[PDB]
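Single chain ahead, written as structure tokens, the form deposited in one PDB entry.
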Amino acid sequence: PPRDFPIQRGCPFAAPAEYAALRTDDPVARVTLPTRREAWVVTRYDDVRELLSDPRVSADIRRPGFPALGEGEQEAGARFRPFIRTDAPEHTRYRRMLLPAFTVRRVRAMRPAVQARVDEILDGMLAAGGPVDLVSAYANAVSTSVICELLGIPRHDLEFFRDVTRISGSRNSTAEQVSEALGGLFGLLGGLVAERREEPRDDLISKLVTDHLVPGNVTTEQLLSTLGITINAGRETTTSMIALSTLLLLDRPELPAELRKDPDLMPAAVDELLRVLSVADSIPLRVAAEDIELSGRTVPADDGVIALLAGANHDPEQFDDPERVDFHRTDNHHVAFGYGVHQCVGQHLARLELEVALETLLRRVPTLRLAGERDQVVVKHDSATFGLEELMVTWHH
């Protein structure tokens, strides 16, 4: 019988053991999604790049072969799906709209603003003390806070409002109250959107409002939709990397020891931590417009395929000793942010966010240790991007 795709990984810090077999044996294996439908899954680095790189592959959720892992997920085509699940002139229309907002030069500038926000998060968290959940306390704190800097949301006036709404917005509580929260988040944005319309600053909203909304390229509804979309793409995952990356540093003290000895590696370490952890893994799902050949096998057309970044980012044909977190890796051409047209737009921020968030903690909370018992750590079992759900830490007062 075709194997059920989603595999619970035993080791948090690495790809599921099944993958190695998949690379060597089944490069293009057939699996059964939780919806009991079938799809193909690619585990090889070189194949993942050709597969995502190929223009014979589409990200349309409308295709009935789409590999949705959710029951009504595929029924997004009948409805209006987000732009990240489209291809053609549609996909490029929004993605290419917000690229100038995310360039390296733009991100290099927020380096001081991003630092200050992170330090503030540390002060309060440091002042209060007590064992606290890093995932809630820090990882998310930075994530949410950094998006405000990019988005243009006022910090003090808001942030608190905003921090909570996102949390409520996604979760398993108050089925009726979600409407209330999304209304808050959306109401907040609308005001900013409208406000920037008059006398706008250097934010994504400003860039979008005065570059596309004002000349009529996007309807106000449209601008709002994407703004919300990028928040989802950049929140759950970024916080997941900080919390998960942080456990690895705690589990192996040999590693942060290196960072302290050489603080220059930090940017390099952020990249290695991305490939070794490979939090996204199953995120990019695509369908074959016409048959595509990879390795020995070929996937028929109109069939759903999933590119496993975790399988790719651990492939030894690319990474010598891929299971060793070597901060000195000679060749880190990882795909943690995907490959191709749909490659992450926030990679630069995620990196600056990750570097600033991780460094500042090692420096500011050196004493930091894990308050909860190890082996008691809880890894999300219901997520798109693998991550921890609770982490408890303390430090010397």
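Only the largest set of C-alpha atoms that superpose within 1.5 Å between the two forms is called the rigid core. Residue positions are given as counts along the sequence shown, with the first one as 1.
Heads up, the form deposited in another entry isn't pictured, but that's what we're talking about next.
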| item | value |
| --- | --- |
| Listed options 181, 167, 125, 192; Cα moving by 2 angstroms or more between the shown form and the other one (core superposition) | 167 |
| Flag for residue 97, CA shift 2 Å or larger between the shown form and the other one after aligning core | no |
| Rigid core fit then residue 228 CA moved by 2 Å or more between the shown form and the other one | no |
| Post core alignment: residue 157 C-alpha displaced by 2 Å or more between the shown form and the other one | yes |
| Cα-Cα trend for residue 120 and residue 160, given that in that other deposited form the distance shifts by 3 Å or more | farther |
| Direction of Cα pair change residue 222-residue 168 in that other deposited form, magnitude 3 angstroms or more | closer |
